[PDB]
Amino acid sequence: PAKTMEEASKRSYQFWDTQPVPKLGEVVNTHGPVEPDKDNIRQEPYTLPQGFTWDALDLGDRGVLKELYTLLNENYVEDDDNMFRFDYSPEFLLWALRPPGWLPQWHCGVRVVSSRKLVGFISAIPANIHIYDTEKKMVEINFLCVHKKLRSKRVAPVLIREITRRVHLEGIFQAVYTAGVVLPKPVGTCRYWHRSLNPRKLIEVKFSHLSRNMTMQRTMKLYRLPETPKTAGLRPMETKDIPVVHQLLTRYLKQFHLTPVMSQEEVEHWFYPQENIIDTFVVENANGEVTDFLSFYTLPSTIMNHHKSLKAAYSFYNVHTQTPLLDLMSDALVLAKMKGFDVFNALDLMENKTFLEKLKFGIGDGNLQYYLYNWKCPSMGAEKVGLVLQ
């Protein structure tokens, strides 16, 4: 698995070379599908290795949801040094995997035939995607996971082909997805940055390191935050704000080149506050008008070597029309500190580069590549990416 484009140059992609994506080398100047919509689709599931079988995970079954939670908790994404692993909660998984239009057949699991143990997974959810001058119904792919005991046995390509087949059956022929590794071919490359909120604990568990010329006392002083936000009229999003949050987001996203196109029901799903999942705060000014909003989702991580999870908040969508973005994000940091998060994470996409350094974010070691499947278009800079996944 290559982490840079230079490593990716010196690699062959036996699977991705067979897929309708552009080659890593080529520079793209056209806009459109690689292959046609299919007017007949394979009715039979793809063949798994002997002793494994497909299943569709009904997450409304609490027992099945726990099986998926356990698979990811033990086998999903780790940092580059194998010190931390994502710990998506069951309630978070329901939020990410049952948005409007979700389908249980798009919760595609692999089980051991004899024991029924869940050992693999991949998911699709529907999304309307604006890419340059085109709006396309697509799916978002997430949670590709193969049990550590089943790795390097070609199961991931089978998972990808099977979810492709199941999405094709519903008449959808494009997808968007992200990955920490380089594959053919990123439409955009983003980088995570990190804002320490509880620096003591972050240095303790080695998420971050003391600047070595700086002491712990100076570090805690450097990163300290106010006790309450400063923006006038800031309050949690409520039901009555759903239309204006939808209207604010739609107009704000027009300036980027890769964005979601959300219905009002989708806006309610992705933004209405749910404790320990998603937080949204709106600014309601002295006229009663909602003019801005900030949002972040909750994604803790297991500390693998030694304890409490590393509690992280991830910047979601932040829309400003009256409050300066720098002020809005200062208040996001203070609210995250108030809620007990240890670190606040943000990518360098959209306008985030305008505040990351000023608000004392430090650059991370992980890139996040964005990809489209069966859509060949020019690549874009991180500041034109306007899409945030979970």
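Just count from 1 along the sequence shown to find any residue number. Rigid core: the largest C-alpha set superposing within 1.5 Å between the two forms.
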- Query: Which is farther from the shown form in 7 other deposited structures of this protein in C-alpha RMS with the core fitted, 307-315 or 89-97?
  - Reply: 307-315
- Note on the structure: Deposited residues missing from the model between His306 and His307 number 1 to 3
- Query: On average, are the C-alpha B-factors higher in 31-39 or in 341-349?
  - Reply: 31-39
- For the stretches 208-216 and 261-269, which has the higher mean C-alpha B-factor as given in the deposited record? 208-216
- Of the options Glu227, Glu170, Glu284, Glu238, which has the highest CA B factor as deposited? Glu227
- Message: So if I compare the CA B-factors in the entry for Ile141, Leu150, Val290, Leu93, which one is the largest?
- Response: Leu150
- Task: Comparing against every modelled residue in the chain, figure out the third that the C-alpha B-factor of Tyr371 lands in (lowest, middle or highest).
- Result: lowest
- Query: Based on the entry's values, in what third of the chain does the Cα temperature factor of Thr250 lie: lowest, middle or highest?
  - Reply: middle
- Note on the structure: Assert third(CA B-factor, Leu103) within chain per record equals lowest
- Message: Where does the C-alpha B-factor of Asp279 rank in its chain, lowest, middle or highest third?
- Response: lowest
- Sorting the chain's modelled residues by C-alpha B-factor, tell me whether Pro243 ends up in the lowest, middle or highest third. lowest
